[PDB]
Amino acid sequence: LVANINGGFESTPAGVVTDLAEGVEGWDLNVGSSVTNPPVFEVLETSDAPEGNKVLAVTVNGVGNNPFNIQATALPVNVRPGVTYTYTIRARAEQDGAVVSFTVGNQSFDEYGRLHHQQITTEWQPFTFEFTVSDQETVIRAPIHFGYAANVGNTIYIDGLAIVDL
Ligand SMILES: OC[C@H]1O[C@@H](O)[C@H](O)[C@@H](O)[C@@H]1O[C@@H]1O[C@H](CO[C@H]2OC[C@@H](O)[C@H](O)[C@H]2O)[C@@H](O[C@@H]2O[C@H](CO[C@H]3OC[C@@H](O)[C@H](O)[C@H]3O)[C@@H](O[C@@H]3O[C@H](CO[C@H]4OC[C@@H](O)[C@H](O)[C@H]4O)[C@@H](O)[C@H](O)[C@H]3O)[C@H](O)[C@H]2O)[C@H](O)[C@H]1O
Ligand SMILES: [Ca+2]
């Protein structure tokens, strides 16, 4: 029983994502207005996918004012107050030295936890942490942030997000 949906992108047809809000079920990809050189989001069919056949690729061509201005957010994430969850995801990048923050929070943008400013390498790694839903929310969000200046010119790949009751 996982709390998020389509965490490995397997429900989505391969291709460049043209509808950022609704093109990928289970995810919201929208880009901030300060980002003048838009990123490219692509669901890729690839043989080295960690799970299934597909991964999400994010190519960063430019940044805006804040790192959350290029982001992929899993939503809805269906939870229960007081319950401790395990977050697991796989990530790699085309070139060494990409930076990503993996976060979870509510619809008022309060965070329950994060893996902060993680270094991504050219080989798939798992990234994992635990968080507890500390308030009365039942529908929360899991924003991943890509808009760090270090990432300009790089492509970051993610797959296999699972948020599970501990
Ligand atoms: O304990 C957390 C703390 O850890 C420190 O180490 C770190 O330095 C802090 O940044 C961090 O604080 C938390 O930051 C995140 C954003 O974090 C990124 O931004 C800062 C970077 O330095 C850092 O590396 C990144 O991790 C905040 O989440 C964001 O909150 C804002 C709301 O703006 C304010 O509201 C609450 C207040 O606590 C914040 O300080 C203040 O900025 C949201 O901003 C809104 O975004 C939406 C668009 O949302 C969509 O895209 C982005 C994605 O997050 C979101 O899920 C999508 O739905 C716009 O409509 C609004 O214009 C804009 O206001 C951010 O979405 C949200 O991620 C934490 O609130 C903060 O505690
Ligand atoms: Ca997959």
Side-chain angles (χ1 to χ4, degrees), residues 1-12 17 20-22 24-32 34-35 39 41 43 49-52 54-58 60 63-93 96-151 154-166:
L1 172 68
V2 298
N4 59 295
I5 66 171
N6 197 23
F9 305 101
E10 302 302 313
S11 301
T12 306
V17 178
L20 292 186
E22 293 180 348
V24 182
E25 76 176 287
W27 295 83
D28 169 21
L29 305 181
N30 299 126
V31 172
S34 67
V35 181
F41 291 91
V43 172
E51 77 85 55
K54 291 164 194 173
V55 310
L56 183 70
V58 185
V60 175
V63 298
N65 296 331
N66 300 288
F68 62 79
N69 296 147
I70 302 174
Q71 56 83 28
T73 298
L75 93 168
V77 182
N78 292 311
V79 297
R80 279 165 59 71
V83 176
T84 295
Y85 294 84
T86 300
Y87 179 116
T88 308
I89 197 171
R90 304 306 217 273
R92 74 175 194 86
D96 275 323
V99 177
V100 177
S101 292
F102 305 98
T103 82
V104 284
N106 65 22
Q107 289 177 70
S108 308
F109 308 120
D110 305 314
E111 288 180 6
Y112 305 110
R114 65 158 58 205
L115 285 168
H116 185 63
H117 201 279
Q118 298 290 288
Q119 285 285 341
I120 311 306
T121 72
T122 61
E123 294 178 22
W124 291 105
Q125 289 183 271
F127 294 89
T128 185
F129 68 102
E130 289 174 19
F131 67 94
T132 303
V133 177
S134 54
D135 57 12
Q136 289 190 284
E137 302 291 321
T138 60
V139 179
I140 68 168
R141 307 269 188 87
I144 306 176
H145 299 150
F146 304 100
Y148 295 94
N151 293 342
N154 210 337
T155 299
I156 301 152
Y157 304 93
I158 58 164
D159 199 15
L161 176 65
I163 296 173
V164 196
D165 181 332
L166 186 71

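In what follows, every heavy atom counts, from backbone to side chain, and hydrogens, waters and symmetry copies are set aside. Along the sequence shown, the residues carry numbers beginning at 1.
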Taking only residues two or more places apart in sequence, or in another chain, which ones meet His117 in a ring-ring contact (aromatic ring centres under 6.0 Å, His included)? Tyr148

Sequence neighbours excluded, the answer for ring-ring contact (aromatic ring centres under 6.0 Å, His included) partners of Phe131 is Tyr85

Determine whether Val77 and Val104 make a side-chain contact, defined as any pair of heavy atoms from C-beta on separated by less than 4.5 Å. no

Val58 vs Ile158 side-chain heavy atoms within contact, under 4.5 Å: no

Between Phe127 and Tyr87, is the side chain to side chain contact (heavy atoms under 4.5 Å, CB included) condition met? List the steps. CA-CA 8 Å; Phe127 294 89; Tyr87 179 116; 5.8 Å; no

Check: [X] side chain, [Y] main-chain N or O, donor-acceptor pair, under 3.5 Å:
X	Y	value
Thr103	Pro143	yes
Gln125	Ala91	no
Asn69	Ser34	no
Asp28	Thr73	no
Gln118	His116	yes
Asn151	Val99	yes

Return the minimal non-hydrogen interatomic distance between [X] and [Y], and the atom names on each side.
X	Y	result
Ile163	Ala142	CD1-CB, 4.1 Å
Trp27	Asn6	NE1-O, 3.0 Å
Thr128	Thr88	OG1-OG1, 3.5 Å
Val55	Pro50	CG1-CD, 4.0 Å
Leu29	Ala72	CD2-CB, 3.5 Å
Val63	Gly147	CG1-O, 3.5 Å

What pairs with [X] under salt bridge (charged side-chain N to carboxylate O under 4.0 Å, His left out), at least two apart in sequence or on another chain?
X	result
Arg114	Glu111
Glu130	none
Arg90	none

Using 0.5 Å steps for rounding, measure from the [atom1] atom of [X] to the [atom2] atom of [Y].
X	Y	atom1	atom2	value
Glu10	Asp159	CD	CG	6.5 Å
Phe41	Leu20	CZ	CG	6.0 Å
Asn154	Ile120	CG	CD1	10.0 Å
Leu75	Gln107	CG	CD	8.0 Å
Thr12	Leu56	OG1	CG	9.0 Å
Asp110	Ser134	CG	OG	8.5 Å

For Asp135, the side-chain contact (heavy atoms from CB on, under 4.5 Å) test, sequence neighbours excluded, returns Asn106, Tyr112, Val133, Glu137

Is there a side chain to side chain contact (heavy atoms under 4.5 Å, CB included) between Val17 and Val43 once you walk through the steps? CA-CA 7 Å; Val17 178; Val43 172; 4.3 Å; yes

Residue pair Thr121 / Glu123, side-chain donor-acceptor N/O under 3.5 Å: no

